[PDB]
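*Asks:*
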Amino acid sequence: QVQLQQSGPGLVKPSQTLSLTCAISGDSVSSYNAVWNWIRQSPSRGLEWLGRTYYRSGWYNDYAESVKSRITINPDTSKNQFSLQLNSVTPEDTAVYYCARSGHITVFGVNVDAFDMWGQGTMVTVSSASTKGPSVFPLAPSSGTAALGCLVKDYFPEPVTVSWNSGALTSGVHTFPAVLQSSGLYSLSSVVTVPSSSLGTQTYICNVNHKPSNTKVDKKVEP
Amino acid sequence: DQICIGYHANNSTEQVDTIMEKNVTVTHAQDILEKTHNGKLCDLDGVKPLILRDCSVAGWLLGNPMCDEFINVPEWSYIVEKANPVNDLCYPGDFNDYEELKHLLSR
Amino acid sequence: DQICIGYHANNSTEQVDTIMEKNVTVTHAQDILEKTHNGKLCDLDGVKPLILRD
Amino acid sequence: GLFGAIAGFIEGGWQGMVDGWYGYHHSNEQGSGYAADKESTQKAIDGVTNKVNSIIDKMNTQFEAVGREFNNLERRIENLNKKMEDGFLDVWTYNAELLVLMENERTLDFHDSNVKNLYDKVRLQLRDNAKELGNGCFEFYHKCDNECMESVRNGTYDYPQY
Amino acid sequence: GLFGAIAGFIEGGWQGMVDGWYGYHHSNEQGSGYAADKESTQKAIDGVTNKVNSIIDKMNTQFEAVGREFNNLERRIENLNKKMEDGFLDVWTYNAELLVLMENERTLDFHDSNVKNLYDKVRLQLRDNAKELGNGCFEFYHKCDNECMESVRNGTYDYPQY
Amino acid sequence: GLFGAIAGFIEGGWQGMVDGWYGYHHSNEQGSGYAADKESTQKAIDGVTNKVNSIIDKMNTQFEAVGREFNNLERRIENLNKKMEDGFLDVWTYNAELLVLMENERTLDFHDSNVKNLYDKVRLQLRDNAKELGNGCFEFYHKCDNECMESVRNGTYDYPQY
Amino acid sequence: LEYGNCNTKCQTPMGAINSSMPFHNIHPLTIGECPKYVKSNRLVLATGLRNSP
Amino acid sequence: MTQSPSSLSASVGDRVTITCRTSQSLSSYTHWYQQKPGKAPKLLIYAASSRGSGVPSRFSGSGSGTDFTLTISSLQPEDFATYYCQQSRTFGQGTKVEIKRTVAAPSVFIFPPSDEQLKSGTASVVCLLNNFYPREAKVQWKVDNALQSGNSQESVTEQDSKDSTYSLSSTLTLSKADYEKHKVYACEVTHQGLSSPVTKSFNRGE
Ligand SMILES: *[C@H]1O[C@H](CO)[C@@H](O[C@@H]2O[C@H](CO)[C@@H](O)[C@H](O)[C@H]2NC(C)=O)[C@H](O)[C@H]1NC(C)=O
Ligand SMILES: *[C@H]1O[C@H](CO)[C@@H](O[C@@H]2O[C@H](CO)[C@@H](O)[C@H](O)[C@H]2NC(C)=O)[C@H](O)[C@H]1NC(C)=O
Ligand SMILES: *[C@@H]1O[C@H](CO)[C@@H](O)[C@H](O)[C@H]1NC(C)=O
Ligand SMILES: *[C@@H]1O[C@H](CO)[C@@H](O)[C@H](O)[C@H]1NC(C)=O
Ligand SMILES: *[C@@H]1O[C@H](CO)[C@@H](O)[C@H](O)[C@H]1NC(C)=O
Ligand SMILES: *[C@H]1O[C@H](CO)[C@@H](O)[C@H](O)[C@H]1NC(C)=O
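Residue numbers (my numbering), protein chains in the order written: chain V, 12 to 234; chain S, 7 to 113; chain F, 2 to 55; chain L, 10 to 171; chain P, 10 to 171; chain U, 10 to 171; chain W, 2 to 54; chain H, 31 to 236.
Okay, here's the thing in structure tokens:
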């Protein structure tokens with residue numbers, strides 16, 4: 012199996028440069044049966060192909076007309092990766108960026124641009140605002156089913172991830188989409204319904220990760 | 007300023023034959039002949055065959071004492087018999103219309 | 002003033018097959034397969050058959 | 010099609026040309042109309058006719074099955090007989106169906122070829138006395154009356170005259 | 010090849026055009042690059058696909074051998090049986106190998122044709138607004154920016170405009 | 010022919026070109042004559058040679074009849090034997106005759122193609138330095154001496170020089 | 002089947018054939034001046050050319 | 031690339047068909063992707079009708095001229111997703127497929143602000159509506175029996191991949207001083223699964 016592992020910061024100031032990397036394993040950046048693409052997605056614009064690089068007895072790049080003057084996609088054959096560089100960003104460049112392989116599947120040896128494998132995505136926010144880690148508060152069960160949760164308040168930028176009991180508790184979990192508050196900071200809640208009987212014996216801890224601020228916090232939630 | 011017309015090439019070494027030319031290198035080809043096998047006798051769609059081993063169809067059906075393995079065989083998919091099974095008619099003789107019966111077995 | 006080169010078309014819906022394309026509509030076609038029969042036993046060139054019946 | 014004329018640089022056929030398979034449409038001060046190129050047409054009719062007869066006639070000698078019956082203890086040869094007769098039918102069914110497919114493809118391409126050659130025939134007469142429009146048509150630099158048009162269809166178009 | 014384009018007046022293919030079988034390479038003041046002609050390409054994919062399936066499917070009904078055994082005084086029919094089964098195998102082996110050879114030749118020529126027609130398609134649009142260099146390329150007399158280039162690939166190249 | 014050259018825009022062949030299948034006839038102030046295009050010619054010879062050997066060799070494995078005799082009360086299997094042997098002979102007779110017909114058509118068209126391509130090869134070199142007369146001939150605007158003529162046959166005709 | 006009170010140049014066990022076609026698909030066992038039997042459902046030769054929309 | 035419809039609801043087991051009309055008809059270059067919330071798209075169908083790696087047989091694709099169709103022969107709860115078609119470098123706008131199941135009323139829970147948060151100078155009060163269908167739900171805040179306006183935000187989950195329900199949070203935010211000024215905090219919920227509005231409340235301090 013091929014895996015694509017993305018990295019790079021999810022916060023870029025307006026007018027500056029967005030820089031992402033896709034690290035390949037299980038295939039070669041310079042393979043004759045691969046094409047390496049960047050695609051972005053935003054709630055407004057939908058899915059948009061940005062560009063690609065590929066090797067066929069020499070390196071080639073193609074870029075979307077919309078970004079052509081600002082975009083560079085370069086292979087690294089030392090580290091088996093390829094990059095995205097997007098200059099002079101504006102709020103309209105806020106999106107989830109995906110790397111993806113195409114041309115692995117071909118009709119009669121012709122790349123059809125079908126994208127068989129994708130990276131996990133990097134959410135990129137274009138903003139002058141600065142990083143802020145969340146405060147985490149318990150949503151305590153009161154008084155056969157009990158609900159408990161964690162309020163993850165006042166962070167920037169997106170995203171936050173929440174698990175429970177280090178991922179050992181998944182059933183009945185609901186982690187809500189974030190809302191942007193009038194302060195310009197995000198907030199969400201996560202949570203979980205459990206048997207009320209288990210409150211006297213089972214420990215419940217929410218594990219909160221905000222990678223842009225390097226925040227990893229664990230909060231015990233009790234009656 | 008110019009515009010040019012052209013066609014695909016790649017690193018392919020696949021070759022095909024034509025009437026007028028043999029070993030033409032093409033960009034893509036499709037093999038349509040299976041050349042390999044696993045070298046084994048197998049269950050056909052899960053249903054095991056009857057493998058008579060050293061017994062013949064006669065030895066089996068008449069109940070040659072050396073062919074007790076096949077005293078009551080379950081349903082089979084196909085039957086396997088050696089070229090010269092040693093346990094045939096223990097007491098020498100003939101089997102009348104043997105071939106016509108073996109044909110009947112194929113149904 | 003101009004002169005143009007072109008070809009025939011008509012209201013035909015006859016179709017033929019080729020190796021590379023199936024159901025090609027053509028202007029004209031010729032069926033070469035007899036599909037029908039009269040469903041009866043008949044005299045062959047006048048000369049009547051022997052019908053053994055039961 | 011292989012030759013690029015039919016449903017190619019000539020976008021579609023003409024309902025209005027009833028009298029032949031290929032031909033000319035002219036347009037000048039006197040009027041306009043269709044005229045079939047009979048020779049190119051009759052050539053095509055001879056080729057297709059010969060083809061059909063060649064096909065029919067090649068399938069003339071072919072396997073004819075006969076009825077043979079066998080008793081209850083002649084199953085092996087009965088099976089042999091059946092496999093034999095079916096085998097030949099499948100072979101001749103394949104030959105017939107494949108021949109029709111292969112020759113249908115060649116028949117459609119043949120027409121395409123005849124159109125392409127007719128177009129080139131005219132092009133090679135007119136040379137630089139007309140604009141090749143790129144859609145099957147030639148626009149003249151000089152006036153071309155009905156006799157002028159006819160000389161194009163003739164093969165007689167006097168190039169030095171214009 | 011029969012049509013003179015592939016490995017003919019177009020000397021070689023392009024490693025750099027990955028996205029289709031046939032297409033365009035443009036070169037102007039803004040830059041240069043490859044673009045596949047998808048329609049000509051998809052036409053080719055449909056034809057070749059139908060061909061393969063036509064080949065596979067025509068060989069669908071074909072002789073299947075069955076095991077039949079015979080005693081020591083049935084040598085004649087045993088020989089008959091063997092000659093019969095071998096005979097059909099040789100026939101179907103011939104049919105298969107010959108069909109593949111014949112249709113391989115036609116497949117290579119088909120591609121050649123599609124390239125030639127694409128070249129002519131462009132030639133017939135540009136006419137005398139460009140120099141036919143003789144190697145697959147057309148050099149424009151006017152500047153042809155990216156929208157100008159796209160209109161050539163379109164079929165929309167406005168000739169009177171230049 | 011499919012390609013329009015042989016017995017098309019080139020009206021007839023040349024008794025006077027003995028040394029090859031396709032070639033050139035030149036005419037200038039120094040004189041005139043025929044010259045065979047050997048490469049195009051040798052290409053044709055290799056293709057046709059391979060074809061013949063391919064035909065001969067494909068018919069290598071084919072049904073061989075054996076003598077088998079039957080008594081007065083074995084009429085059924087005697088008939089079977091006869092129908093079997095005749096059946097295969099008719100099949101192989103069909104295969105042979107049809108292969109010859111099909112490949113003869115392709116051989117004639119192949120030559121037509123080679124001529125058309127040789128004509129275009131020259132056209133694509135000369136471009137607008139000569140008048141395309143429409144009959145296989147190109148009339149030069151400049152004087153073209155024997156070295157000039159040879160460069161046309163070469164592939165070396167220096168277009169910018171004229 | 003029984004007698005049809007009928008005349009033909011080509012007979013099959015399913016019925017008679019009155020046709021100038023070179024092929025048929027009625028039944029393999031025939032007698033008389035018959036077309037050649039094939040297993041096809043359809044055999045149609047192009048004579049004309051590709052018709053336009 | 032134009033997809034139709036832009037969204038639909040269908041019951042488990044229903045046959046579902048989505049269409050994509052394409053500017054140019056190429057069977058080989060059209061693909062379908064399925065994207066579940068928070069995940070990357072996964073290739074579902076390629077070249078109009080080939081099933082992508084790991085794709086179950088209930089998914090199939092067809093193409094005719096410029097019209098392409100994706101069919102789910104028997105809709106499952108886990109097929110909640112947005113489906114996109116694609117030719118070349120162009121994507122359609124997507125079709126949201128929602129499951130259609132029976133009505134289910136929310137379970138309602140109210141949470142006071144933690145003592146810890148109050149020390150920061152702000153108070154967040156959370157009302158949870160759990161596992162309901164359909165999505166339409168109204169939540170009103172009352173503080174000492176006074177309707178609040180403009181001081182709450184709602185967030186809703188996507189449809190659950192097992193039971194096809196939604197959950198919803200409403201969060202009322204006050205300054206600590208304002209929170210401490212009042213006693214009764216109440217969350218009032220209207221949903222067509224309920225016979226009449228449900229109210230959950232607490233008293234500050236209790
Ligand atoms: C084919 O190409 C022409 C020229 O590229 C297209 O017309 C342009 O379309 C773009 C995008 O829609 C517009 O921004 C321009 O204003 C148009 N300019 C001109 C000069 O036409 C046309 O849309 C294309 N048509 C197709 C592919 O059918
Ligand atoms: C083809 O012919 C041209 C012209 O005859 C050749 O070019 C000449 O070659 C000779 C002998 O090599 C030189 O002495 C001349 O100076 C060249 N003159 C010109 C005008 O080209 C060319 O070498 C030949 N190419 C072949 C046989 O491939
Ligand atoms: C074609 O290739 C095969 C194997 O690569 C080789 O054995 C054979 O000699 C070649 N045939 C010709 C005609 O060159
Ligand atoms: C061809 O036409 C027939 C009847 O119009 C139809 O049933 C069949 O599906 C078509 N075949 C193909 C391969 O499109
Ligand atoms: C056979 O067909 C011909 C032509 O259609 C017709 O004239 C004749 O009546 C038919 N003969 C019989 C015996 O049905
Ligand atoms: C063809 O037409 C021209 C002009 O109408 C006429 O003068 C000439 O005699 C004709 N030539 C033919 C039929 O060859």
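Quick reminder that beta carbons are idealized off the backbone N, C-alpha and C, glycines included.
#1: With a threshold of 8 Å between beta carbons, is S:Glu87 in contact with chain L?
#2: If we require 3 or more residues per run, which beta strand (DSSP E) segments fall completely within the segment 127-201 of chain H?
#3: Around the C-beta of V:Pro86, are 16 or more other C-beta atoms found within 10 angstroms, so that it is buried, or is it exposed?
#4: When the cut-off is 8 Å and only beta carbons count, does P:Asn59 lie next to chain F?
#5: Since V:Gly114 contacts V:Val46 with CB under 8 Å, what's their CB separation in whole angstroms?
#6: Give a single yes or no on whether U:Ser49 has its beta carbon closer than 7 Å to a heavy atom of ligand 2.
#7: Applying the criterion that 16 or more other CB atoms from any shown protein chain within 10 Å of the CB defines a buried residue, is V:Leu199 buried or exposed?
#8: Under a CB-based cut-off of 8 Å, is P:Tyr128 close to chain U?
#9: Compute every distance between the C-beta of U:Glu159 and the non-hydrogen atoms of ligand 2, then say whether any falls below 7 Å.
#10: Short check: CB of residue 237 of chain H to CB of V:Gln192, under 8 Å?
#11: Evaluate the contact criterion for the segment 117-134 of chain H versus the segment 131-139 of chain V: three or more CB pairs, one atom per stretch, below 8 Å.
#12: Anyone know if the C-beta pair for V:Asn44 and V:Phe126 falls short of 8 Å?
#13: By the criterion of Cβ-Cβ separation under 9 Å, what are the contact partners of P:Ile15 in chain H?
#14: Can you list, in chain order, the residues of the segment 89-119 of chain L whose Cβ is nearer than 8 Å to any Cβ on chain F?
#15: Determine which residues of the segment 56-82 of chain P have a Cβ less than 7 Å from any Cβ of chain F, and write them out in chain order.
#16: Which residue or residues does DSSP assign as beta-bridge partners of P:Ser41?
#17: I'd like the span of the beta strand (DSSP E) that includes U:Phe149, first residue to last.
#18: When burial is assigned at 16 or more other CB atoms within 10 Å of the CB, is P:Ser63 buried or exposed?
#19: Which two residues bound the contiguous alpha helix (DSSP H) that contains V:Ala189?
#20: So, is the C-beta of H:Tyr209 closer than 8 Å to a C-beta in chain V?
#21: Note down the Cα distance separating V:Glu76 from H:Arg119, rounded to an integer number of angstroms.
#22: Beta-carbon separation of V:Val121 and V:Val173 under 8 Å?
#23: Residues in the segment 63-91 of chain V with C-beta within 8 Å of chain P's C-beta atoms, listed in sequence order?
#24: Mind checking whether the beta-carbon of S:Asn90 lies closer than 7 Å to any heavy atom of ligand 4?
#25: Considering only residues of the same chain and omitting the five flanking positions on each side of H:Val228, which have a CB-CB separation below 7 Å?
#26: Does the CB of L:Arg84 have a neighbour CB from chain U at under 8 Å?
#27: So what's V:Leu22 in DSSP terms, helix, strand or just coil?
#28: In three-state terms, what does DSSP make of P:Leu135?
#29: Could you compute how far the alpha carbon of L:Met111 sits from the alpha carbon of P:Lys47?
#30: Kindly examine ligand 6 and report whether one of its heavy atoms sits closer than 7 Å to the Cβ of L:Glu156.
#31: Let's test the definition: count the other Cβ atoms within 10 Å of the Cβ of L:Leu127 and tell me whether it reaches 16, buried, or not, exposed.
#32: Is the segment 11-31 of chain F touching the segment 147-163 of chain U, taking contact as three or more C-beta pairs under 8 Å?
#33: Is F:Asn24 a contact residue of ligand 4, with contact defined as CB to any heavy atom under 7 Å?
#34: Quick check on H:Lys211: does DSSP put it in helix, strand or coil?
#35: Since P:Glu141 meets chain U, which of its residues come closer than 8 Å, beta carbon to beta carbon?
#36: When every heavy atom of ligand 1 is checked, does at least one fall within less than 7 Å of the C-beta of P:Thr165?
*Replies:* Let me spell this out:
#1: no
#2: 137-141, 152-162, 168-173 and 182-186
#3: buried
#4: yes
#5: 4 Å
#6: no
#7: buried
#8: no
#9: yes
#10: This structure cannot speak to residue 237 of chain H, because chain H is shown only from 31 to 236.
#11: no
#12: no
#13: Going along chain H, no residue has its Cβ under 9 Å from P:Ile15, so there is no contact; the nearest lies around 21 Å.
#14: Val109, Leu110, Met111, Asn113, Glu114 and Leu117
#15: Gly56, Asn59, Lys60 and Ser63
#16: P:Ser36
#17: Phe147 to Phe149
#18: buried
#19: Run containing V:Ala189: none; DSSP gives neither H nor E here.
#20: no
#21: 11 Å
#22: no
#23: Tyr65, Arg67, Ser68, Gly69, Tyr71 and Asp73
#24: no
#25: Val138 and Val219
#26: no
#27: strand
#28: helix
#29: 27 Å
#30: yes
#31: buried
#32: no
#33: yes
#34: helix
#35: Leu133 and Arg136
#36: yes
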